[PDB]
Amino acid sequence: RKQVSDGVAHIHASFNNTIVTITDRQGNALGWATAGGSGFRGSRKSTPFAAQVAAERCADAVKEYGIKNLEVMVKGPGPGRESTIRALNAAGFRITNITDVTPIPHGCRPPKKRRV
Amino acid sequence: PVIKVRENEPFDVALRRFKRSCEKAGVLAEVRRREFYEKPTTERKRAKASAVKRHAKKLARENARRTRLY
Amino acid sequence: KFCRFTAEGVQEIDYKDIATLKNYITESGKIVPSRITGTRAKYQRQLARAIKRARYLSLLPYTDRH
Amino acid sequence: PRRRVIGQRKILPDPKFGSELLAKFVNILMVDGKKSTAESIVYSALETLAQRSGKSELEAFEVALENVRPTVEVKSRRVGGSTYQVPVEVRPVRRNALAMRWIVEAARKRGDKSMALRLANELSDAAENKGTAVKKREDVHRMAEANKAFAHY
RNA sequence: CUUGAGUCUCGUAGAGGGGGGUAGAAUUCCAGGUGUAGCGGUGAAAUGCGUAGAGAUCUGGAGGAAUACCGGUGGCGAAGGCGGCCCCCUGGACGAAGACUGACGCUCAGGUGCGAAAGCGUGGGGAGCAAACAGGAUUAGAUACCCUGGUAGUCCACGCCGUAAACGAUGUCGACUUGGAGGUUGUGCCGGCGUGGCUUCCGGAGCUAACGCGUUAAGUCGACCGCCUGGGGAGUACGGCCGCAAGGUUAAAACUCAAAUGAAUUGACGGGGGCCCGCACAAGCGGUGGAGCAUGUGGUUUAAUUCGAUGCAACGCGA
Ligand SMILES: [Mg+2]
Ligand SMILES: [Mg+2]
Ligand SMILES: [Mg+2]
Ligand SMILES: [Mg+2]
Ligand SMILES: [Mg+2]
Ligand SMILES: [Mg+2]
Ligand SMILES: [Mg+2]
Ligand SMILES: [Mg+2]
Ligand SMILES: [Mg+2]
Ligand SMILES: [Mg+2]
Ligand SMILES: [Mg+2]
Ligand SMILES: [Mg+2]
Ligand SMILES: [Mg+2]
Ligand SMILES: [Mg+2]
Ligand SMILES: [Mg+2]
Ligand SMILES: [Mg+2]
Ligand SMILES: [Mg+2]
Ligand SMILES: [Mg+2]
Ligand SMILES: [Mg+2]
Ligand SMILES: [Mg+2]
C-alpha cells in the first residue's frame, strides 16, 4: 500500500536458481520472484534467460510501491547475475548502485568433492 | 566490488565497470574454489603443477625465438 | 616494479602510516601482491604485518562490506 | 558437408506466372519426376484459389505463405545425455522451403478428392490461419518459445 | 700447534616450539520484523524443507572451528611438521670483526627420545564436515559412485598407540671436480664491484641398464652404520618382547613356479588430447521391417532333397 520510491534489489544467483527480492532500504521485503516460480524447472531454471524473467516479475510484483530508483546487490556465482541487472534497468528502474555482496569466509570446512 | 552509478553514465558502460571490478576482486574465482574441500595434499600439488608448467612454458618460449619454422 | 621501501631506506613500515599503507590495499581492502607493486620480498612481509595491525585498530578496513 | 561446395542448381521460373518462387512449389509437389502432372495441379489450384478470394493468381499464393513461414525453429543438441532443443532463427530461403513443404504435406493428408481442390482448400485455409500447416507453424513457434532459454551454445 | 670442533662479542631473517589473550569474515542455530509460494538438489529426478509462513531480506544474540588477501618450485624445523594479530617463556641457523680453548672430532649395534592421519582411554566441547547408518535415485544387480540427512570422529586436556608412497622411493660426516639463469637472507668497497648461508631449474665431463643425476651428484674418493641375495607362500605362522585393545616388532618353513622384474623400443588400443576426412551424422527424398508373390538361405522333411559360399566381406551367391 505504502509508497517508497527507493528500493534495493537483492539478486541471489546460485548455480541452480536465481531469487530476486526487492526490499526497501531498511531491508523489509516488498516483493520477490524466482526463476523456479517463473515456469522454469530443472535445466531451464539455471539459465540467464530464466533469471531475466524473474526480474521482470519482481518488477511487476512491487509495482504498486512506486519505486523510482533502485540499488542492486548481487550475491552468488550463478549464471543469472548480469542477466538480472539488465532486466531491472530494462523494466524502468534507475540503478543507483551495483555492488557484490557474495560472502567469502576469511571459515567452515566445505563439503567433499564430487566424484562424477 | 562496489560500483556507484555516476552522473551522466549510461547503464551499459556502468555495468561493464561492474563486471570488470568484480573480476579484479576475483569473486567468482574465489567462490568456485571454496565450494568443495581441497585436501592439503592436492592444494600443494596443484600449486606445484602450476609453477612447473609456467616455468617450462617460459623456457620453451624463449628457445622458440632461437628457432625458425620455415 | 621499484620497491619504494628499498629506495627510501625504510627500516619499519609503521602501521600507523595509513597514507603509505592505503597504497598497498585494493579497493576491496585486500593486500596487493608484490608481483604487482614490485615490493621486495623483505618489505612485503613487513607491509602485510603492518596492514593486519592497522586492520585490528580499525585504521584500515578488512573488507569493503563492513 | 565438411566442405562447403554447394552452389545451388538454377531453377527455371513457372512457365505461366513467371515466378521462380512457384517453380519450387511445383518441384516440392512433384512425385516420380512427373513435372507436367504437378504443374497442372498447381495451376488448377491457383485459379481456384484466385477465384475464391478474387485477389489474384500470384499473391494469393504469397499471402498463404505468410501464415506458414516460420521465423524460428529448434535444432537438436545433446549436452549431458539429455537433448537440448536450441532455438535458431530460420534463414529466409529455408522459411520458404518449410512453408511450401508444410502446405503440401498438410494438403496430402486431406479428405478432398482431387489434389488440385485438396491443395486449394489448404492454401485457402492458410489464408486466414485455419489449416493444418498454420497449426504446424504455431506448434513449431511455441516449442521455440518453450526452449527459448537455450539460445546459447 | 691451529686449519677440524667448540665458546664469547654485535646484529639478521624466520608459519621453529610451548603458554595465554584477542580480531574480522563466514557457516549453523535461537528470537523478532517485512513478505509470499516455493526452496533445495540433479545429467534428469526424488527423498527432504515450506502456507503450523519456508527460502529471500533485515535486526539482535549464542556457539564452535578455521585464519581470504599477503602467499611466492617463499621461509623455518632432525624428521613428523609449522600460516590472522598481540604478549610471555624458549630452541636453532646465519653473517661481520676479532679474542679464547687447543683434536675436545666423525660414525654408531644395543639403548633413549621425537614421530602425519586414523585409532584407543578418561574428562570436556561440538558450528562445519563426515566413516557407520537411514532414505531417494542410478542400475540387470549398485552393499558404490550421485542426492537428502546424519553418529563416532575431526576440536581441547592428559595418557597410550608407533605406523604412512613417514618419498628426494636417494643414511650421516669430510674433501675434491667445467658453467648458465633465478629465488631468499647477511655483509664489505664505490645502480656498480665483491664476499657468505640456504634454495629452484637447465646443463658439461663423468656415471648409469636406460631413464636420468650432474658442485645440493646417482661424478672422484675416505670413515662408520643400516640393508639385499629369484617370484609366490609372507612381513605370513609359531615363539619372545611391547600395547587397554586395534595391533606393532623380531621372524620361518613345507610347498610351488621357471620365471617374477626394471628401463626403453615398435605397434595396437584408450569411455586421452589435437587437426582432418567419408551419404558418417545433420538437412531432405524414397525405401525395407506389415501384405501377396518371386528368389536364395536356415531348419525340418525325404529314398534323395548333390556339393560349395555362410559377420561387415554368405543368403537373385558359384548357377
Ligand atoms: Mg553438494
Ligand atoms: Mg650421530
Ligand atoms: Mg637402533
Ligand atoms: Mg589424531
Ligand atoms: Mg578420544
Ligand atoms: Mg570422551
Ligand atoms: Mg555424504
Ligand atoms: Mg615402514
Ligand atoms: Mg614429498
Ligand atoms: Mg623405504
Ligand atoms: Mg639437470
Ligand atoms: Mg605379523
Ligand atoms: Mg606374534
Ligand atoms: Mg539421416
Ligand atoms: Mg515383406
Ligand atoms: Mg544348399
Ligand atoms: Mg568340397
Ligand atoms: Mg558349408
Ligand atoms: Mg570376402
Ligand atoms: Mg546381388
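Every heavy atom of this structure was used, including side-chain atoms; hydrogens, water molecules and symmetry mates were not. In what follows, chains carry the letters A, B, and so on, assigned in the order in which the sequence lines appear, proteins first and then strands, with residues in each chain numbered from 1.
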Below 3.5 Å, can you tabulate the donor-acceptor pairs from side chains in residues 109-116 of chain A to any protein atom, sequence neighbours excluded?
residue: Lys113(A); atom: NZ; partner: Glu38(B); partner atom: OE1; Å: 3.2

Show me the donor-acceptor pairs, under 3.5 Å and distance only, between side chains in residues 32-44 of chain C and residues at least two apart or in other chains.
residue: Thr37(C); atom: OG1; partner: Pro33(C); partner atom: O; Å: 3.3
residue: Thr37(C); atom: OG1; partner: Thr39(C); partner atom: OG1; Å: 2.9
residue: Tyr43(C); atom: OH; partner: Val10(C); partner atom: O; Å: 3.1
residue: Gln44(C); atom: NE2; partner: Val32(C); partner atom: O; Å: 3.3

Would you be so kind as to tabulate the donor-acceptor pairs closer than 3.5 Å made by side chains of residues 78-93 of chain D, with sequence neighbours excluded?
residue: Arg78(D); atom: NH2; partner: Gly81(D); partner atom: O; Å: 3.1
residue: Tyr84(D); atom: OH; partner: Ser43(A); partner atom: OG; Å: 2.4

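Place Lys48(B) and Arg55(C) on RNA chain E by their nearest nucleotides, and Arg55(C) ends up nearer the 5' end.
Between the side chains of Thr21(A) and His12(A), no donor-acceptor pair is found at a separation under 3.5 Å. A side-chain donor from one of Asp100(A) and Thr102(A) sits under 3.5 Å from a side-chain acceptor of the other.
Of the options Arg101(D), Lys109(D), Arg108(D), a salt bridge (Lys or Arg N to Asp or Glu O under 4.0 Å) to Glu105(D) is made by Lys109(D) and by none of the others. When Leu21(C), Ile31(C), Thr63(C) are each tested for a side-chain contact (heavy atoms from CB on, under 4.5 Å) with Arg55(C), only one passes: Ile31(C).
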Open item on the list: Strictly under 4.0 angstrom, non-hydrogen atoms only: write out the protein contact profile of nucleotides 51-64 of chain E, one letter per nucleotide from the 5' end, B, S or -.
Closed with: ---BBBBS-----B

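The nucleotide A26(E) finds no pairing partner, because no Watson-Crick or G-U wobble arrangement with both distances shorter than 3.5 Å includes it. Here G123(E) sits opposite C156(E) as a Watson-Crick or G-U wobble pair (both hydrogen-bonding atom distances under 3.5 Å). Shown here, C201(E) forms a base pair with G180(E); the pair counts as Watson-Crick or G-U wobble because both key distances fall under 3.5 Å. Across all strands shown, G188(E) forms a Watson-Crick or G-U wobble pair with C193(E), both key distances being under 3.5 Å. Base pairing of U59(E): its partner is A31(E), meeting the Watson-Crick or G-U wobble criterion (both donor-acceptor distances under 3.5 Å). In this structure, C10(E) and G95(E) make a Watson-Crick or G-U wobble pair, each of the two defining distances being under 3.5 angstrom. Checking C221(E) for Watson-Crick or G-U wobble geometry (two distances, each under 3.5 Å) identifies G174(E) as its partner. The partner of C281(E) cannot be assigned: no Watson-Crick or G-U wobble pair with both contacts below 3.5 Å exists in any strand.
If you check distances only, the side chain of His106(A) never reaches the base of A25(E) with a donor-acceptor pair under 3.5 Å. Residue-to-nucleotide contacts include a donor-acceptor pair under 3.5 Å from the side chain of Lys45(A) to the base of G41(E). No hydrogens or angles were tested; on distance alone, nothing pairs the side chain of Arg65(C) with the base of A26(E) as donor and acceptor under 3.5 Å.
Geometry at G4(E) and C104(E) meets the Watson-Crick or G-U wobble definition, both required distances lying under 3.5 Å. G299(E) and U47(E) are not base-paired, meeting neither the Watson-Crick nor the G-U wobble geometry with both donor-acceptor distances under 3.5 Å. Under a 3.5 Å limit on both donor-acceptor distances, the bases of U139(E) and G289(E) fail the Watson-Crick or G-U wobble criterion. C120(E) and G159(E) are base-paired: they meet the Watson-Crick or G-U wobble geometry, with both hydrogen-bonding distances under 3.5 Å.
Taking the P atom of each, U215(E) and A181(E) are spaced 15 Å apart, rounded to whole Å. Only the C1' atoms considered, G98(E) is 41 Å distant from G80(E), to the nearest whole Å. Distance check on atom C1': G48(E) versus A66(E) gives 29 Å, rounded to whole Å. Look at the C1' atom in both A134(E) and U151(E): the space between them is 11 Å, to the nearest Å. Nucleotides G121(E) and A245(E) have their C1' atoms positioned 10 Å apart, rounded to a whole Å. Here, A25(E) and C202(E) have their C1' atoms 44 Å apart, quoted to the whole Å. Only the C1' atoms considered, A157(E) is 16 Å distant from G126(E), to the nearest whole Å. If you take atom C1' in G92(E) and the same atom in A78(E), they sit 11 Å apart, rounded to whole Å.
Counting only distance, with no hydrogens or angles, the side chain of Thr34(A) and the backbone of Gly37(A) share a donor-acceptor pair below 3.5 Å.
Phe17(D) and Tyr43(D) have their aromatic ring centers within a separation under 6.0 angstrom.
To the nearest angstrom, P of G203(E) lies 11 Å from CG of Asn63(B). Taking atom NZ of residue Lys39(B) and atom P of nucleotide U154(E), one finds them 17 Å apart after rounding to whole Å.
A 6.0 Å sphere centred on CD of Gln11(C) holds no more than 12 heavy atoms belonging to other residues, nucleotides or ligands.
Applying the side-chain hydrogen bond (donor to acceptor under 3.5 Å, both in side chains) test to residues at least two apart or on different chains, the pairs with a partner in residues 61-73 of chain A are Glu71(A)-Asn97(A).
Judged by ring centres closer than 5.5 Å and planes tilted by less than 30°, the bases of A218(E) and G219(E) are not stacked on each other.
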Listed pairs, N/O of protein and of nucleotides 192-201 of chain E, under 3.5 Å:
residue: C201(E); atom: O2'; partner: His55(B); partner atom: NE2; Å: 3.0

